[PDB]
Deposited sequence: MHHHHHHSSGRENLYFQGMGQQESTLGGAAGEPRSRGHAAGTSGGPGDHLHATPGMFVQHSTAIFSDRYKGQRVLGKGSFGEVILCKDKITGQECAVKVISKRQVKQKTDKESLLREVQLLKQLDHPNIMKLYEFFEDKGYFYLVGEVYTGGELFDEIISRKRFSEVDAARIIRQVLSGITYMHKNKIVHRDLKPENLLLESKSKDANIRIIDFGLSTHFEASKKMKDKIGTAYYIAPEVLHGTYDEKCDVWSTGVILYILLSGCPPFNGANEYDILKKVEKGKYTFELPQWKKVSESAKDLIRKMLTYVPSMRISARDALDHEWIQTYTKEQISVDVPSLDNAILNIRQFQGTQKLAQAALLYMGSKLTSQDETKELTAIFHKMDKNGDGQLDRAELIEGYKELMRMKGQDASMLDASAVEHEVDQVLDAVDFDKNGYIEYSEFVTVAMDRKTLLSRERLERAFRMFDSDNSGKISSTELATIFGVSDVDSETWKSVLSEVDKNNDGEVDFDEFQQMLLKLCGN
């Protein structure tokens, strides 16, 4: 069975763990599907091919309202295709940051759905291991919408260190996953971390960079000693303690977390400080991601323009080429789709300059949206202290970004506007 013989790509949906996610359409029935394309050369398999096929077959037969539905699985010489259901409500935290009010009832309603999904998958001997906010999608971008857990079962078969992929993962990993011996209790720990963030807006294990967060997770010590925890019930704190128990055999099960008094009481007072902190948290994570994407896209577009100029030169020394511009794009890469991308751009040098400038403007606009969102007081600038947090999350060395900051503007007074921030990212990816 061949994937392209059944589905056609419509548009990109986002970046997933182990691969890119494309919105596809069945060529006969018109059914829309989310397809994750895992490149075999950039991921690698940690199990035998027979074990993967067995897990996929089991996953296709499972059904729970809080677990993503997997429909199909294809494989060719260079890729794996995971075909499943489209959830259009966005990421859970992106919905929570838009709310004006959030309470323990809102938090418990969320955590009951995650724990229901997890309890079901653990009965079927499936472990997630990489449970995190990004893997919690909503069916609708609204309150009380159903939460679907994505990627439950892939970690056991695919190998995860590309920085843009690792960002936002160290907060949630169970300490025993770091040391190598782990079972289904690691999913309770990650849910405990998510619950701690929902009620305080701050991760229980934090640090200036990836390794500093992992050190805190490995020691496993945390506290409820922040002013915002004074406005939270002891029952919520008691559940978090059972969920963040260090020794996995002593940690509460997902089933026993659903039967905890906190879940049963609060799923039958606004946490204003928690909403303020979670916005700052999401903004920081999203600006670090956007910054790494921008740098990655600048190297990709620099490499592609060098490869594209060689293909278009060899095909000519007149210096001019409609039909040959189409053939050259397909050499680097639907004939109707390719024709339309070149018609939008409309001498091959001027065409290459217009097609590149169009990609550069769109790359600048995605980064700018994330910068604007991070700048919640609309000051137009981000401080040196905020740059340290952003570059810490994105794993850019301190002496390196401070040197680059000095080279962009010698008279920065510990702040950068958007244009200066963008200039610094260009210097950090060899431009």
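- Missing from the model, relative to the deposited sequence, are the stretches 1-62, 223, 332-338, 387-388, 394, 407-420, 434-440.
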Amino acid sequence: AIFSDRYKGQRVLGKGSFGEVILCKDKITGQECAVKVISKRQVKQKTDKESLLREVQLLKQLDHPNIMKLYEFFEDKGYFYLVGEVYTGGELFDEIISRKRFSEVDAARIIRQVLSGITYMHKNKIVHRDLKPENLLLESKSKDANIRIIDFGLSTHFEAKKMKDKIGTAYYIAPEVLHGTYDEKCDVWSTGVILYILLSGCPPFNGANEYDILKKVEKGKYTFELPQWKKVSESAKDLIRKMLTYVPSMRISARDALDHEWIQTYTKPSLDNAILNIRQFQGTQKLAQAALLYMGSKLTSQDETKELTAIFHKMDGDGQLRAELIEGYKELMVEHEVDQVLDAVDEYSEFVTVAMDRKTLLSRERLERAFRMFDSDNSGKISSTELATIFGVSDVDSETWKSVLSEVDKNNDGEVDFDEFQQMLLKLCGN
From here on, numbers count along this sequence of modelled residues.
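C-alpha atoms forming the largest set that superposes within 1.5 Å between two forms make up the rigid core.
- Relative to the displayed structure, the C-alphas of 390-398 lie farther away on average in 9 other deposited structures of this protein than those of the other candidate, with 57-65 and 390-398 compared after rigid core superposition.
- Core-fitted comparison in 9 other deposited structures of this protein shows that, between 23-31 and 372-380, the CA atoms farther from the shown form belong to 372-380.
- The records show that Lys268 is omitted from the coordinate set of at least a third of the other eligible entries of this protein.
- Per the compared records, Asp106 is resolved in all of the other entries whose models span it, so no third of them omit it.
- Averaged over CA atoms, B-factors in the entry run higher in 99-107 than in the other of 117-125 and 99-107.
- In this entry, 232-240 has the higher mean Cα B-factor, the comparison being between 169-177 and 232-240.
- Highest C-alpha temperature factor among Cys186, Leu137, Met250, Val354 per the entry: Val354.
- Per the deposited record, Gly328 carries the highest C-alpha B-factor of all listed residues (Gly328, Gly201, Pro133, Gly90).
- The entry lists a Cα temperature factor for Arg372 that places it in the lowest third of the chain's modelled residues.
- The entry lists a Cα temperature factor for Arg364 that places it in the middle third of the chain's modelled residues.
- In this PDB entry, the Cα temperature factor of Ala274 sits in the middle third of its chain's modelled residues.
- Among the modelled residues of its chain, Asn206 has a C-alpha B-factor that falls in the lowest third according to the deposited record.
- Among the modelled residues of its chain, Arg112 has a C-alpha B-factor that falls in the middle third according to the deposited record.
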